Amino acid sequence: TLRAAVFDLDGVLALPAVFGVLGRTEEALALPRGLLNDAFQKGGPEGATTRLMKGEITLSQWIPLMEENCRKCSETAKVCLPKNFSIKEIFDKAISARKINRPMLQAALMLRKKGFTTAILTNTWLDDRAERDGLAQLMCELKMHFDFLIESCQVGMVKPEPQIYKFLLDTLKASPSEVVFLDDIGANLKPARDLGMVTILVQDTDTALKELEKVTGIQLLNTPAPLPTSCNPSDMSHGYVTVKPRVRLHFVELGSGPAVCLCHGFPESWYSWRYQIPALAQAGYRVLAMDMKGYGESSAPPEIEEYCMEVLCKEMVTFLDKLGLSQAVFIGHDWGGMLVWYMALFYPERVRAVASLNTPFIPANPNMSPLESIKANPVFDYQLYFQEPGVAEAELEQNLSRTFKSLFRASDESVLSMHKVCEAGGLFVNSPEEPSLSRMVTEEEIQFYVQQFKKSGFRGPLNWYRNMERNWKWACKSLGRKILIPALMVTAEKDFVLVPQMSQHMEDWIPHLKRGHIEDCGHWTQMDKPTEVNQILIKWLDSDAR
């Protein structure tokens, strides 16, 4: 009975195989067949390549020894290599061309999701080339998805020597019978097979995957589109910045490149961006996913005035000051989307670009109180219910698992009837005590929100709604301005609070505004449609945010 899958890197998890370029170069340069592949394997277990693969020498030290072997091979074949032939040039191009074999990774991911232990076992080198980062990035992306990565140059052993296989089994803590081994080189397959392991010879991916699903009994081929990679909270880098004596802001940080500051809504967390964090970092950005003031590990002072937009925005500027960031791209959802439009209006020098999910940019009406304005739209009735301090806190804090299970649901799962909220008494008055689990979330993900909200509750979050008058007066100071920095507005078809039509007049204040639209998407945009949010944001980031 299988419980472990082992994959090679070259020709298995990554394609085209780096080995296959020696023959490609022979064909392209009309050189004698197997001339370059011979120079590569020259000396066998005593040769330069074995020393490279065992880690005795680096790739830059091996390049000249390979060049010498190419010369000795041509002496016997009675031929001559071209004028400006470069081994470095051949391997630089081959390594760059080698990309992840996405369906093979999906299979490894699915096997791991079903309880399998996974490992990458590879014959590799210590890369000190000036262009080594490309390979480093590839290894980083691949390795995170596996329980183990066994590199020949690190363990000083190599395939097909039988010691690396007993090493593999020892790291796996499993008998050969429980292990599937996939490899493109038959010689490297042999020792795993003659030990009792199930083996697959990888030529084309599809057949290899047909063989893999037959032996495991798990569907891996033609399977549905998987969700983007998520975040395990304990595996993240957690950051803490004191913005003022009583206020500390917490954030999760992943990646390198331009800073992208993610701002959640009500009643959320940095974790609401769980599907965007690995994706945006992988796309070449430095992600800073906030716990907004009043949430999670960030400070939650009790004062209402602490949550007005002016102070929230000033504190986000201090956050940038203290981290040494002259700018960041600001991406917000819901109440975070509103903060993000104000960051752009009041601090354009600190905002590289601005994006909002669901939240439109609507200027303040100087001829109407925000209380009158909110009473004009019956969908915003619950906001009046959120005004009185202690009232909504009591209902929202009564049963946390019920609060999030009732709130976080797709457009076709609506359990909340948000009309006549104050008249009916509360938010969950006609709601079940034990709500069903939404298709958008696991019980584990609900319990993370539950655990986060156990620290400060709903006072701080609800205070974001309690500065309507302060925010209105502040917003009025920006009525003569326009948003002229790069901006993105993303609408969600089935958000019944933040309807797409509420964003229709935005190009009057943001003429260069770019847009995105998500069909069959409710209010909880990030977890409802993660693949498309990622697609929209990465495309806009790469085009407008450097």
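Residue positions are given as counts along the sequence shown, with the first one as 1. In this text, rigid core is short for the largest set of C-alphas that superpose within 1.5 Å between two forms.
Rigid core fits of the other structures in 9 other deposited structures of this protein place the C-alpha atoms of one stretch farther away on average; of 444-452 and 408-416, that stretch is 408-416. For the segment pair 434-442 and 459-467, the entry gives 434-442 the higher mean B-factor, averaged over Cα atoms. Per-stretch averaging of Cα B factors for 358-366 and 276-284 places 358-366 on top. By the numbers in the PDB entry, the CA B factor is greatest at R33 among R33, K477, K494, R515. In the PDB entry, the Cα temperature factor peaks, among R102, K420, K322, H145, at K420.
Among the modelled residues of its chain, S269 has a C-alpha B-factor that falls in the lowest third, as given in the PDB entry. For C263, the recorded CA temperature factor ranks within the lowest third of the chain's modelled residues. Split the chain's modelled residues into thirds by C-alpha temperature factor. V391 is in the middle one. Per-chain ranking of the deposited C-alpha B factor places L29 in the highest third. Ranked by C-alpha B-factor against the other modelled residues of its chain, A5 falls in the middle third.
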